[PDB]
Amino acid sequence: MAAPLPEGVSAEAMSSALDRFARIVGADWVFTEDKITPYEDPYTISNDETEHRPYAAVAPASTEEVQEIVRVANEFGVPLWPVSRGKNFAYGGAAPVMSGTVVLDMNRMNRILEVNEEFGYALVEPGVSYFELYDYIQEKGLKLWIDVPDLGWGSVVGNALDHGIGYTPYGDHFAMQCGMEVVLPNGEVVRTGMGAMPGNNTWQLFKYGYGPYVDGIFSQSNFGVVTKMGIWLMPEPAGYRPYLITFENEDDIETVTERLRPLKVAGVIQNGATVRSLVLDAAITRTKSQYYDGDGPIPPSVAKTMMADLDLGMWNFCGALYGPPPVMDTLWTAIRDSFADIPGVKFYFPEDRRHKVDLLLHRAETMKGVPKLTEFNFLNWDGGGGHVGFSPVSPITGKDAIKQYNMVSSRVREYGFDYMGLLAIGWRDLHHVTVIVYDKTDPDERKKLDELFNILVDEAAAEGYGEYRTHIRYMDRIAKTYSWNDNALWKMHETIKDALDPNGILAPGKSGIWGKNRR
């Protein structure tokens, strides 16, 4: 039941590390036994209780405390798993790849250092939630919008660092980053970009500074602990019009994707708009048992009944227009005209929706940066479960979108799960995120889910498709798919890992990076 020590670390070295942590942060902020529960992955996959088990957690309240924790980790060989808020649900929560790792929980580092209206940026510590930043802005009356993922309880910092996405024009969270403070694995502190200039007034204004542009190496990484991050924020626009376009046929995603490509590449679709499958959208407001008594995935009659009941299609394109009315009118003509000849297509603004509790009314808040927790509802689809994200990247091409749709949905449904797919529209790509809802308390369901997930990764890789982000359980497996020139890129990451973190004390296994002591 209890976590094992990490390999190569004695009870004495662990015990000396945890006493030193308690001196740095205070005894109230070192969590070791009954108190480790929140750091376990909430959505279990393994049936092996020795896997992904944190030994303890430590909750610092300053950069100095993070530095001291990292120095102690080096002294005793005790590996850390840094998290900003640790809400990485469906990718492991706050749990580490390697059992015995100590979570470094930066929740209590929740200072909003600055929100600047005139330049549209925030400078935040890692414990700052989307709810907290949003509330600060509303309280101060600042004419800025934030960009939120579906769950507002996450970290502005942590989500961006994991290459997270939201649903406004600022939906590429890491792309909006500007300036960061990093505790390097030796416990030294650096500031990137203009933050390296003493007395600067440009840390959050100009990304590069001078010399190598290194901010990105601390994203999806174990090269450092990020303790402050700047992020650009969108000025409140002069107008906002959310829309939903629904498609009748699963096979419409091919032509729909062809039509989205020129609109997104030219920026006529201004936001990280989405195309969401029926069940993902139905599960926000309904449960399977309201339409079907069976244990399988839904049959076609059930899909069609849900579509007619909820005014949803098999595919649901949710986007928004932003700016002065004459600009929004022009963009709407180009978007509407692109879809208007597909048989079965329907166009909605919010005023056109029948239900008070409705997909479009919900996503209208998301696409103006309003944090919420409504998306958690899809976990009740089959009575209450966990989820995991299978998140391959696609070109914005109909051939690829319908290929991935067919490959993923056929397998998910074969293993007894409904298909719940998001196509998140990036600058030149789709993130295809399949959320697989399963009973995480049931060892037989966990076994099927694990087998299915390995199949989806292998079949996607055999088609030249890689994941952008993954669960702690599969980080090695995904690294091994990026194998060009005999794993050349991971050999370079391991070179950088050994130089910055020779003792391998930061997040062993994050993104399949281990360091020389554990390779």
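From 1 onward, residues are counted along the sequence shown.
| task | Averaging the C-alpha B factors as listed in the entry, name the stretch that ends up higher: 157-165 or 299-307. | result | Per the deposited B-factors, the answer is 299-307.
| said: When the Cα temperature factors in the entry are averaged, is it 121-129 or 388-396 that ends up higher? | reply: Stretch with the greater average CA B-factor: 388-396.
| message | So if I compare the CA B-factors in the entry for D147, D358, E181, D215, which one is the largest? | response | By C-alpha B-factor in the record, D358 ranks first.
| query | Which one, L80, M106, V345, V190, has the peak C-alpha temperature factor per the PDB entry? | reply | So the option with the highest C-alpha B-factor is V345.
| Third of chain Cα B-factors occupied by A17 | Highest third - that is where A17 ends up once the chain's C-alpha B-factors are sorted.
| Which third, lowest, middle or highest, does the CA B-factor of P96 fall in along this chain? | Lowest third, going by the recorded CA B-factors of the chain.
| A11's Cα B-factor: lowest, middle or highest third of the chain? | Within its chain, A11 is a highest-third residue by C-alpha B-factor, going by the deposited values.
| message | Going by the CA temperature factor in the PDB record, which third of the chain does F349 belong to: lowest, middle or highest? | response | It belongs to the highest third of the chain when residues are ordered by C-alpha B-factor.
| said: Considering every modelled residue of the chain and its Cα B-factor in the PDB entry, is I402 in the lowest, middle or highest third? | reply: According to the entry, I402 has a C-alpha B-factor in the chain's highest third.
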